[PDB]
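Everything below concerns the one structure shown next.
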Amino acid sequence: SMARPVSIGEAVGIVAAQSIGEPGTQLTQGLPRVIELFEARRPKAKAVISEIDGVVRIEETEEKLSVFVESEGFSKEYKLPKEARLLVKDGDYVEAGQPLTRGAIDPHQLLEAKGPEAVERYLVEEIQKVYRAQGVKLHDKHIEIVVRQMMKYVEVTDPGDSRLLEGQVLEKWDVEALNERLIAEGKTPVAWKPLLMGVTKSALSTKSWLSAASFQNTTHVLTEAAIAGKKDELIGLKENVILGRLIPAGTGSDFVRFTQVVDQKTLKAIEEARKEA
Amino acid sequence: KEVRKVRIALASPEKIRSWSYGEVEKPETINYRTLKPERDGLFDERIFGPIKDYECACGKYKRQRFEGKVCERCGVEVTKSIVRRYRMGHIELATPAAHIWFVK
Amino acid sequence: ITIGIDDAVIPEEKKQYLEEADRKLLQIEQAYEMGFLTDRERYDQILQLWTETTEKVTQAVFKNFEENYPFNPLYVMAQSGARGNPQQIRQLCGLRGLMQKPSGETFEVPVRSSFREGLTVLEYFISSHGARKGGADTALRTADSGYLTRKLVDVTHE
Amino acid sequence: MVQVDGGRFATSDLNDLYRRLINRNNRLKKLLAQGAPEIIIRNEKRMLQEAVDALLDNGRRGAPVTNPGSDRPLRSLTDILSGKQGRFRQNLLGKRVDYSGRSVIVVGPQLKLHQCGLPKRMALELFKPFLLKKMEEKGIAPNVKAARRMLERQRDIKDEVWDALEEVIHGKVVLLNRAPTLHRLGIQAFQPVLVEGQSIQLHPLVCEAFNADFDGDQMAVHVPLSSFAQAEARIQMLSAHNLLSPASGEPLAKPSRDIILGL
Amino acid sequence: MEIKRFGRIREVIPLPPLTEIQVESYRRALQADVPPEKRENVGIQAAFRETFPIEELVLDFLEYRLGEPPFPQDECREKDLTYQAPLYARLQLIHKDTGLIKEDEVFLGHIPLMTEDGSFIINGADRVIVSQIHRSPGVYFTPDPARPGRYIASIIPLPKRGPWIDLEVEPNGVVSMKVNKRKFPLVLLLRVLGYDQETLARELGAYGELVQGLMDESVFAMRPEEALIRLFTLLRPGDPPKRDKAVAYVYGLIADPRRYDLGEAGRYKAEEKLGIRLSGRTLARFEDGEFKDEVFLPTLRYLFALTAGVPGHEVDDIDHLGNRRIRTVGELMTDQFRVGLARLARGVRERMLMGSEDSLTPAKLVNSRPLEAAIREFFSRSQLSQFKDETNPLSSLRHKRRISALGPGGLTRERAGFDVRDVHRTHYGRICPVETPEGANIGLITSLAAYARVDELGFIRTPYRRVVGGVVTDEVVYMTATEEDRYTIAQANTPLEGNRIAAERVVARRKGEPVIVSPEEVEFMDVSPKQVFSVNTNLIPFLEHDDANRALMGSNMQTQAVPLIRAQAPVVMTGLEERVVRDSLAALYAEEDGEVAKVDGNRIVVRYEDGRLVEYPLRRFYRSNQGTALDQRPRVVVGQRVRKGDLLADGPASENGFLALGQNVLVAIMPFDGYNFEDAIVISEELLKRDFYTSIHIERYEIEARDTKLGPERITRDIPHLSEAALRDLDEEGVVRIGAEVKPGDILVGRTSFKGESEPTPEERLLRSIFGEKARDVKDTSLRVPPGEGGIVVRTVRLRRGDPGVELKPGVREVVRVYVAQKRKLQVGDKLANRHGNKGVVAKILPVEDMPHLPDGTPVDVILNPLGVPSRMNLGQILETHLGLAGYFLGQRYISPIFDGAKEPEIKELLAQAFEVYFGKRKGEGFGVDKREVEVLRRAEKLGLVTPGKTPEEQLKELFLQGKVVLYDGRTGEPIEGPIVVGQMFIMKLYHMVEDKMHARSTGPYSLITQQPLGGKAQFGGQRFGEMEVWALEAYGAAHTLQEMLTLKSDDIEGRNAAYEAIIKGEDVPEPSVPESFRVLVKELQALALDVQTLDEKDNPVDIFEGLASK
Amino acid sequence: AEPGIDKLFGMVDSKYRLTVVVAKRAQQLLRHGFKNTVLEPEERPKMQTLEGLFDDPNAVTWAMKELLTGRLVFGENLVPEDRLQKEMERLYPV
Ligand SMILES: [Mg+2]
Ligand SMILES: [Zn+2]
């Protein structure tokens, strides 16, 4: 909206959510498919992709369609029903992540196969496919923002030398900071696994107890407020609104919250009165 | 100054009594005939301060000239009445009870 | 810029295209009489035929407007992009096309007329289905859209 | 617990909860003071835990206790905090507001882009305190009270008060708004110009940005108060400085139906 | 004047009584006329038959009778009561043993009575009941969703008369009964109803694949009563399974006609479906203690025959109109009455077990409270009991003929799908496909079609002519959808040569499908195209050139019209504009022939041919439900004969028996200086000069005076600190005198209130003691005008406690109600429409000389944007405009019926004659062509509009036949650069205006609870501020605006007080420190035994209260 | 549009810094009632009435004009604000 490098301290995420949800009132697969891709749940036409590279060796019995992805030493076999409209042929060497039949992809399979990055690229591609199919122009930037927010949470596989526990969930930043401190503390770093979770769960599992307390399931998350014994940091916006505080954005950003102004002449007089002492 | 972090934690009965200006005893809020808040009740002004500014309920001072001194003839001191907003009492139980949230 | 009823000009190729559609429908039913095809593919070919003739008469309307009346206000509104799609201009001059059932299956008989030539009662009773569907879809759509925006801004709020 | 005009007391149920707790508590103090048989001691402690439960949350265990002669349950502390009408959700997200107004809209073609029309009644009823201060700052009324009770009568509206009103709005800015606001252009800033009638005039080139048309759509109008809020409005939220979509960067103040038609 | 007609279709039947559904249903439900021995088993009579006797010493029922209202209808609505009659019942408490027959005539409360027109008067409010559609009872078959080759057999009784019945196929081959969300076998019930392996294999042996799958002999081991104990353990686990308890229980659920009933219509549908004939309307027959057969084995055979693919066995669509039935008002009050009777039945069953068994009058055996409370609750707070709308006569008519699916026993807004909103294949001629509200209520709320009648069974019947050979008859039979489903009905537009059909290959619906048929197989024919749509939709002329969307909006918008004080009938009508005025029960018509005797503005005396001298009073200046003037202007003069049915007096929104909603205004279609942009409409000052679009609205106010324990309230001419200069309009008792105008805030009723005891501020008390205005024992409770309103007081009403037939809530001494009217003209910012849905708000009134004008100097009055047309596909307004042009230049009105009306060449003929009578006339005074029209003519022939080479006169003729004439802008004199279309159009004025919309607030009152500013535009407050607006503000990041929005302009106290103080001090408003919401949240959290530690960045515990209320 | 707004964006790198600059400057000019300006009489924001021409009462116009001149040094931590306030009150009282 200004055709220029963005000013420091602007709140991207609210603009992002508004720009995403604005033309959703002009959608007739449509809005449930959009919700599905935001929920990352179990799809309907659950296609099967490759997981280990190798050639495709189809096997067509009249009642069963099987396929064999065949590496130098790994023949992984998949068994498909007859209605599965394929994407490949026999004698085709395909990559992991690449799908075999038509239909959408569950994202957890792609998380297993190709890590988080192709997951993010696939989600961006799907949402842009829907929105360009309906004829609505939208920069991918906001979708990138929210999907980066979606992949934030990580799982503690094994704690190692840490104070924390296994199977524990946290932010990627915290495990990264504590791991680089651990290798700066002579102790072993923690092993963490990247963990895709749904959008409502992504808002649910946050550390800022005020925002999630106010948010929803307010009874038991208020019992979580009773649980807490923690401190808050007032990083987001919702907590500053609910406490009525000056929000930390725009004019309220701490980069510009204390910018002095003065004239020339009386500034010079004050500085001269300073330097004479 | 200014606030930067907010820490939520448990309670403790000593700090409960630290916040409590006193004790509440009567099951009456205010009157119905006279509409007066009764003494040592829920709306008792000698706990939670007066309703109007710089006045005691006996009538010793009606002016800004004094501040904070407790007029003994009613029990309310001389102040701004908005300390009604920020003031708690307590009730000492005869037997301890469970904050039911940790139960429920 | 005014609108007259004579501005909705009907090109004469409409009925000739309809004659070709009539004799092709005749031939399709004749091939069904010998059992030379199923009724399924008959339905499919009929949908195909009506769709192709619909596109043809839309092209005929637009080249007629560009030929004879370039300052006709309806075609001016169309090319300017201020108001109007080509399909609305076809419904005002050519034929409405085909509508479908509440099951979504398309009727095997199209609306032969525009709005300018009037409609038979049955055609109005047909097109009411799609009109009701569109209104119901919008009235369903609004609140769920606001709901989506709510969840999104709740998760990205920082 | 306050007195309504009908004699009733608009009363929080917490007062009733505190009363029942104080009653049962001092009763059991008196009961232990004498050395009662233990059965009623156990029953009274049972009622004590029940009462303090109801105070913390009427509506967890068993029947949520009501008043005698009422089916409706009470409102506990959890009912105060949580819920759609609680503190956390409600009392900071979604409220009412002073210094506001509501009307219907109508096109005004002759305006510039950063202007909007205000009915004289509405601008009178909105900028009242500034008008009071300026009327005292002129020789029209000595204090605020004379100016107040001389604006009390609509016969007294001379022409000088209109001159003061058009003085005090010089460079002031108001906010236009239409429910429901999808994106951030749903609220705009505008400089006001006084007009006649009982309707808010509007520039054409912004109505499609509002996704608003003149089929009878209503409108809300607010006014910032602090000079900080004035600058916050006049730099960012002014319509003349907002031309491109934050969505994808296209001119939302593009021309429209009749304009494109004429060109 | 000339009233031309059109159309080539002559109908054979007229329209029925339009409101006959409501009044006919209730009049059937009452039977208040008939002697009691002929009261058939229906409604109140049927309910009294079924719920009696009481069985516990036995009391049974003889008959009932209806009393009389103590007050007439206008008196009842004056005193704000319920128009009702008491109901009395002749009763015989008969002990079987001692033969004591205590006979009495008990009193059983009141029953609300219908008005003449079909409304109800409840507490003075005008209400109405809307019919409720639902699924019909009986038996149905649906495809099983889980097992695709299988089906589910459903049996559904009357609503609230027991649960449904699900016959299901288990995965093995046995079939099972699912009742009360529970599965259990079916051979169990066969054994209970006496069906061994013998009978099952003997009759159902054709398909043993599920009958031997059904076979099991362990149930044939146990007898029906042991099977009954077994199923009592099954369906009621954790219960003592006595045989007597089991017999009584499953009799009460299966063979009880008192708590269970299959629908009589559902019984008829089952009898038609299975071909069998039922004895009763229950599931079993309680005989010999056991039960005997009703309909178990034909349904099982149908289920297996459909399972085996036998022809003549078909699943049934639940949304098909042969399977859904309507419930009128009479069924609803019958069922509510049945609920109240069952309540009093169990009440007296309680009461029968107490008391001395001899000294019992039956009057002292029954209460009347629960039944009267049931009926009163149903008429007051139920969902179907709508507050009846009376904006115009047509709106009341449409609200009378509404049809819902919502309410009790229906559907909720969450669980609403799409097919419930969809138009079925068989709505043709039974439900209007286009008349419905939009929004969330779309597809559910609707109205009846025009020629549609309802049977006693609840099925919509529809008229059709028979066709015999190639001859259509003149009789006509009503049918349902089911009887329509076995024929081939041609359309009504098909040409006829006498009764011989003129066409060759007809279009027809076979099973609702379009098909080209020979004339021989035509069995039936539609009556008229008017049988398709509703009465609102049948008003819109040229419906065959408008999209369904704008037709929907126009058909709904006609209800929101407002009656005008100089109203007009439209110049283009559809013929139906008199039957609606006749059956609306608004205007006044002559019953008998005779002569007009006395004409006055309040009453009409007529000498009849009988010689009975009859005077009708005239309801004059009547306030509507929504503040609309209603009156009956007279229409005749003394010394003038009448006929049976002539118009005597003009009702509201009517003219000479024709419907009159808007005005016929000249209008051209062109964009004008941006004022037409996005649907805004421009007018001239000529309309306001000749009082066009002017309305009258009566606003009613109210004030109660009651008894206060702090000293009761009194109403007088004196209140603390009132100048008499602000009081010169009251009477001596206190109310204003009739005739005075009033501005906002001025006193209507001066009411005292005896003061309590509290504290005023010392400075203003010092002001009162220094100025010279002391206080009294009382304080003010005066009724003043809410702001923005105002006008003339017309009528006052002063009720009191101590008057005959006044019934008030306790405490009230007296109440005052004041009627204030105002005459609203047309200003900027009001909302107009015409019949094709092209609506919009008016934008800019202009002086008349700016407006364009015809060559004769006649100016146009309304301007319309053209660009709202082609994205809407509503072309009918253009044909309306052409016809209105012809009718303007010839002075004549026209009738074009729906789908059979004036096409193009007839309009071309009429425009040719109109061009003659215009241009030859203006030529007749020696005024030829102008230069300006010559220039625009040759510019027009550069656009292919007229063929060139002609004289200007013939080209002008061609343009007039096109419906475009030249024009001259009044602002600048030169012609417009193209020919413009222009003609007359019928244009209404909508109900809502800015007066109950526009309000604004600086400061003022606050919440007595939450310290917020007030809410609602009636109560002076400010706007709702939704959270999406907060999101927009954060997207701009204007932070201080948000913080001052959350406290300073809202429920903060000290901040807003300091802000107002600084503004009247004239500086910048400062910034608050600790948040008010922050502080109260901290104290709420500390109330929850939870310490909250407000920190700085360096863990120093910062106080936010400054030690104010902390030790 | 406010005049020179593109050149005003040319001055400060961040628009929010510009906003808080003009807000604080307007607050100063209101608290010392326009006698502590940097402008000239011809640089004063005029306002045309039926009586004539007068100085504008809206401080924000003055602040934008002053920032368009270039006599206002701004930034962060040029001086502690308290001594600025004391010597501003001392040099420029009411
Ligand atoms: Mg609208
Ligand atoms: Zn007291």
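Every chain in the structure tokens has a letter given in the order shown (A, B, ...), and although residue numbers restart at 1 in each chain, ligands are simply numbered from 1 in the order shown.
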
Distance-based interface of chain F with chain D, 8 Å, counting only C-alpha atoms, as an mmCIF file with N, CA and C atoms, in the first residue's frame:
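Once written, selection-v1.cif looks like this:
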data_model
loop_
_atom_site.group_PDB
_atom_site.id
_atom_site.type_symbol
_atom_site.label_atom_id
_atom_site.label_comp_id
_atom_site.auth_asym_id
_atom_site.auth_seq_id
_atom_site.Cartn_x
_atom_site.Cartn_y
_atom_site.Cartn_z
ATOM 1 N N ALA F 1 -5.338 15.629 0.209
ATOM 2 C CA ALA F 1 -4.004 15.233 0.650
ATOM 3 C C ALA F 1 -3.310 16.363 1.392
ATOM 4 N N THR F 19 5.008 10.193 12.588
ATOM 5 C CA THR F 19 3.752 10.405 13.291
ATOM 6 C C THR F 19 3.990 10.814 14.733
ATOM 7 N N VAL F 20 4.905 10.126 15.411
ATOM 8 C CA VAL F 20 5.132 10.481 16.803
ATOM 9 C C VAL F 20 5.880 11.802 16.902
ATOM 10 N N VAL F 22 5.327 14.440 14.850
ATOM 11 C CA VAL F 22 4.394 15.548 14.682
ATOM 12 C C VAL F 22 3.427 15.612 15.853
ATOM 13 N N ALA F 23 3.144 14.465 16.479
ATOM 14 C CA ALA F 23 2.279 14.470 17.652
ATOM 15 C C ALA F 23 2.942 15.185 18.818
ATOM 16 N N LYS F 24 4.211 14.863 19.085
ATOM 17 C CA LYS F 24 4.911 15.510 20.186
ATOM 18 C C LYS F 24 5.118 16.992 19.913
ATOM 19 N N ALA F 26 3.173 18.953 18.109
ATOM 20 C CA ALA F 26 1.898 19.625 18.297
ATOM 21 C C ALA F 26 1.569 19.767 19.770
ATOM 22 N N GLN F 27 1.964 18.783 20.579
ATOM 23 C CA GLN F 27 1.717 18.874 22.013
ATOM 24 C C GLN F 27 2.517 20.010 22.633
ATOM 25 N N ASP F 56 -4.125 29.524 12.092
ATOM 26 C CA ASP F 56 -4.931 28.323 12.170
ATOM 27 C C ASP F 56 -4.921 27.761 13.587
ATOM 28 N N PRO F 57 -6.059 27.330 14.090
ATOM 29 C CA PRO F 57 -6.104 26.765 15.440
ATOM 30 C C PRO F 57 -5.639 25.322 15.506
ATOM 31 N N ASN F 58 -5.708 24.587 14.400
ATOM 32 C CA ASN F 58 -5.233 23.210 14.426
ATOM 33 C C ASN F 58 -3.717 23.164 14.480
ATOM 34 N N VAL F 60 -1.747 20.684 14.140
ATOM 35 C CA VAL F 60 -1.122 19.663 13.310
ATOM 36 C C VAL F 60 -0.656 20.264 11.994
ATOM 37 N N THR F 61 -1.397 21.249 11.496
ATOM 38 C CA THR F 61 -0.977 21.980 10.308
ATOM 39 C C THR F 61 0.322 22.731 10.558
#

Any chance you could list, as a ChimeraX atom specification, the residues in stretch 730-921 of chain E that come up strand (DSSP E or B) when DSSP is run on the backbone?
/E:730,736,741-742,747-749,751-754,778-780,783-784,791-800,812-824,831-834,840-846,853,859,862-864,874,892-895

Using only C-alpha atoms and a cut-off of 8 Å, which residues of chain A sit close to chain C? Please list them as a VMD selection string.
chain A and resid 11 13 to 14 17 to 18 20 to 22 24 to 25 27 to 28 35 146 149 199 to 200 202 to 203 235 to 238

Would you mind listing the residues within 6 Å of ligand 1, counting only C-alpha atoms and all ligand atoms, as number ranges by chain?
D: 213, 215-217

With N, CA, C and O atoms retained, could you export that selection as an mmCIF file, in the first residue's frame?
data_model
loop_
_atom_site.group_PDB
_atom_site.id
_atom_site.type_symbol
_atom_site.label_atom_id
_atom_site.label_comp_id
_atom_site.auth_asym_id
_atom_site.auth_seq_id
_atom_site.Cartn_x
_atom_site.Cartn_y
_atom_site.Cartn_z
ATOM 1 N N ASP D 213 -22.868 0.459 -1.412
ATOM 2 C CA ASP D 213 -23.657 1.111 -2.435
ATOM 3 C C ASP D 213 -24.832 1.790 -1.763
ATOM 4 O O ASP D 213 -25.071 1.629 -0.566
ATOM 5 N N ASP D 215 -28.074 1.507 -1.732
ATOM 6 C CA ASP D 215 -29.352 0.836 -1.586
ATOM 7 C C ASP D 215 -29.948 1.016 -0.231
ATOM 8 O O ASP D 215 -30.811 0.221 0.137
ATOM 9 N N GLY D 216 -29.539 2.008 0.545
ATOM 10 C CA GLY D 216 -30.026 2.173 1.889
ATOM 11 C C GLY D 216 -29.089 1.684 2.961
ATOM 12 O O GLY D 216 -29.549 1.385 4.066
ATOM 13 N N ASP D 217 -27.797 1.584 2.674
ATOM 14 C CA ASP D 217 -26.859 1.086 3.663
ATOM 15 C C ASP D 217 -26.572 2.150 4.706
ATOM 16 O O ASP D 217 -26.395 3.326 4.388
#

Each residue of chain B with at least one atom at most 8 Å from chain A should appear once, together with its nearest atom pair and the corresponding distance in Å (one decimal); atoms considered: only C-alpha atoms; ordering: chain, then increasing residue number; output as CSV.
residue,atom,partner,partner_atom,distance
B:4,CA,A:233,CA,7.0
B:5,CA,A:233,CA,4.9
B:6,CA,A:232,CA,5.1
B:7,CA,A:231,CA,3.6
B:8,CA,A:229,CA,5.4
B:9,CA,A:229,CA,4.0
B:10,CA,A:229,CA,6.5
B:101,CA,A:223,CA,6.6
B:102,CA,A:223,CA,7.8

Selected residues, N, CA, C and O atoms, written as a CSV table (one decimal), in the first residue's frame, please.
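The result, stored in selection-v8.csv:
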chain,number,residue,atom,x,y,z
B,4,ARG,N,6.1,-4.1,32.6
B,4,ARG,CA,6.6,-4.8,31.5
B,4,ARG,C,6.3,-6.3,31.4
B,4,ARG,O,6.1,-6.8,30.3
B,5,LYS,N,6.3,-7.0,32.5
B,5,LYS,CA,5.9,-8.4,32.6
B,5,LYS,C,4.9,-8.5,33.6
B,5,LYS,O,4.8,-7.8,34.6
B,6,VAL,N,4.0,-9.5,33.4
B,6,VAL,CA,3.0,-9.9,34.4
B,6,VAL,C,3.2,-11.4,34.8
B,6,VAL,O,3.1,-12.2,33.9
B,7,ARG,N,3.4,-11.6,36.1
B,7,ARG,CA,3.6,-13.0,36.6
B,7,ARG,C,2.4,-13.4,37.4
B,7,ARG,O,2.0,-12.7,38.3
B,8,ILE,N,1.8,-14.5,37.0
B,8,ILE,CA,0.7,-15.1,37.8
B,8,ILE,C,1.2,-16.2,38.6
B,8,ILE,O,2.1,-16.9,38.2
B,9,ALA,N,0.7,-16.4,39.8
B,9,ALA,CA,1.2,-17.4,40.7
B,9,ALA,C,0.1,-17.8,41.6
B,9,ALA,O,-1.1,-17.5,41.4
B,10,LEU,N,0.5,-18.5,42.7
B,10,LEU,CA,-0.5,-19.1,43.7
B,10,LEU,C,-0.9,-18.0,44.7
B,10,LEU,O,-0.7,-16.8,44.4
B,101,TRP,N,-11.2,-25.5,42.0
B,101,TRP,CA,-10.7,-25.6,40.7
B,101,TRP,C,-9.7,-26.7,40.5
B,101,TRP,O,-9.8,-27.6,39.6
B,102,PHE,N,-8.7,-26.8,41.4
B,102,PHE,CA,-7.8,-27.9,41.5
B,102,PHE,C,-8.5,-29.2,41.8
B,102,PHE,O,-7.9,-30.2,41.4

Write out as a JSON list (two decimals) with C-alpha atoms, in the first residue's frame all residues of chain B that backbone DSSP assigns to helix (DSSP H, G or I).
[["chain", "number", "residue", "atom", "x", "y", "z"],
["B", 13, "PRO", "CA", -3.04, -16.71, 53.56],
["B", 14, "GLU", "CA", -0.56, -14.21, 54.97],
["B", 15, "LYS", "CA", -0.61, -12.21, 51.76],
["B", 16, "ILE", "CA", -4.39, -12.66, 51.71],
["B", 17, "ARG", "CA", -4.53, -10.92, 55.06],
["B", 18, "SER", "CA", -2.02, -8.39, 53.75],
["B", 19, "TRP", "CA", -4.48, -7.44, 51.03],
["B", 45, "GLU", "CA", -17.58, 2.02, 54.73],
["B", 46, "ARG", "CA", -15.01, 1.78, 57.51],
["B", 47, "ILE", "CA", -13.40, -1.05, 55.57],
["B", 48, "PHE", "CA", -13.69, 0.09, 51.96],
["B", 81, "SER", "CA", -13.60, 7.54, 47.77],
["B", 82, "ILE", "CA", -12.27, 5.73, 44.68],
["B", 83, "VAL", "CA", -10.27, 3.46, 47.00],
["B", 84, "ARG", "CA", -13.63, 1.71, 47.17],
["B", 100, "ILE", "CA", -12.40, -26.31, 44.01],
["B", 101, "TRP", "CA", -10.69, -25.57, 40.67],
["B", 102, "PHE", "CA", -7.78, -27.86, 41.51],
["B", 103, "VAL", "CA", -10.46, -30.36, 42.48]]

Provide as number ranges by chain the residues of chain E at most 10 Å from chain F, counting only C-alpha atoms.
E: 1037-1038, 1066-1070

If you count only C-alpha atoms and all ligand atoms, which residues end up within 8 Å of ligand 2, as number ranges by chain?
B: 30, 36-41, 43-45

Would you save the residues of that selection, restricted to C-alpha atoms, as an mmCIF file, in the first residue's frame?
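Dumped everything to again-v7.cif:
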data_model
loop_
_atom_site.group_PDB
_atom_site.id
_atom_site.type_symbol
_atom_site.label_atom_id
_atom_site.label_comp_id
_atom_site.auth_asym_id
_atom_site.auth_seq_id
_atom_site.Cartn_x
_atom_site.Cartn_y
_atom_site.Cartn_z
ATOM 1 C CA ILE B 30 -27.067 -1.885 53.227
ATOM 2 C CA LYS B 36 -27.408 3.034 55.062
ATOM 3 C CA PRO B 37 -24.571 0.516 54.725
ATOM 4 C CA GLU B 38 -24.459 -1.298 58.025
ATOM 5 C CA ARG B 39 -21.400 -1.534 60.225
ATOM 6 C CA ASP B 40 -19.074 -4.542 59.730
ATOM 7 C CA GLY B 41 -21.011 -5.768 56.703
ATOM 8 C CA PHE B 43 -20.718 -2.479 52.192
ATOM 9 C CA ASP B 44 -19.350 -1.223 55.523
ATOM 10 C CA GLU B 45 -17.578 2.021 54.734
#

Within 9 Å of chain F, which residues of chain A show up when using only C-alpha atoms, listed as a list in words?
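The selection requested is residues 6, 7, 8, 9, 10, 250, 251, 252, 253, 255, 256, 257, 258, 259, 260, 261, 262, 263, 264, 265, 266, 267, 270 and 271 of chain A.
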
Provide the atom CA of residue B:87 to atom CA of residue B:60 distance in Å, to one decimal place.
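Between atom CA of residue B:87 and atom CA of residue B:60 the gap is 23.5 Å.
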
Residues of chain D within 7 Å of chain E, only C-alpha atoms counted, as a PyMOL selection string
chain D and resi 93-104+106-107+109+122+125-126+128-130+133+181+183-184+197+199+213-216+224+226-229+232+236-237+258

Write the residues you've just listed into a file as a tab-separated table (two decimals), in the first residue's frame, and include C-alpha atoms for each of them.
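Now in selection_39.tsv:
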chain	number	residue	atom	x	y	z
D	93	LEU	CA	-13.30	-6.93	22.55
D	94	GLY	CA	-16.57	-5.34	21.47
D	95	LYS	CA	-18.01	-2.36	23.34
D	96	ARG	CA	-19.94	0.86	22.92
D	97	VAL	CA	-18.47	4.29	22.53
D	98	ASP	CA	-19.06	8.01	23.06
D	99	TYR	CA	-18.58	10.72	20.42
D	100	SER	CA	-20.17	8.64	17.72
D	101	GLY	CA	-22.98	8.75	15.21
D	102	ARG	CA	-24.99	6.67	12.79
D	103	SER	CA	-26.85	7.58	9.63
D	104	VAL	CA	-27.51	6.63	6.03
D	106	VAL	CA	-25.73	9.36	-0.12
D	107	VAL	CA	-23.40	10.26	-2.98
D	109	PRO	CA	-20.09	14.20	-6.43
D	122	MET	CA	-24.76	15.86	13.58
D	125	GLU	CA	-24.14	17.15	18.43
D	126	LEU	CA	-20.59	15.83	17.96
D	128	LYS	CA	-20.19	20.25	21.24
D	129	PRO	CA	-17.29	20.54	23.78
D	130	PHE	CA	-14.95	22.23	21.33
D	133	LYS	CA	-14.66	26.18	24.51
D	181	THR	CA	-15.45	-4.38	8.18
D	183	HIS	CA	-10.26	-5.45	5.69
D	184	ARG	CA	-8.42	-2.37	6.87
D	197	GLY	CA	-30.44	17.41	5.28
D	199	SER	CA	-27.65	12.31	5.75
D	213	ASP	CA	-23.66	1.11	-2.44
D	214	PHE	CA	-26.62	3.40	-2.02
D	215	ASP	CA	-29.35	0.84	-1.59
D	216	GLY	CA	-30.03	2.17	1.89
D	224	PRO	CA	-10.61	11.14	17.54
D	226	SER	CA	-6.16	13.60	21.28
D	227	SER	CA	-3.79	15.45	18.98
D	228	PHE	CA	-1.85	12.19	18.88
D	229	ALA	CA	-5.01	10.55	17.58
D	232	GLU	CA	-2.54	9.07	13.71
D	236	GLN	CA	-2.05	6.89	7.88
D	237	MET	CA	-5.80	6.53	7.81
D	258	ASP	CA	-20.26	6.13	-15.04

Have a look at atom CA of residue E:501 and atom CA of residue E:517 and let me know their distance in Å, one decimal.
12.6 Å

What separation in Å, quoted to one decimal, exists between atom CA of residue B:11 and atom CA of residue A:211?
22.0 Å
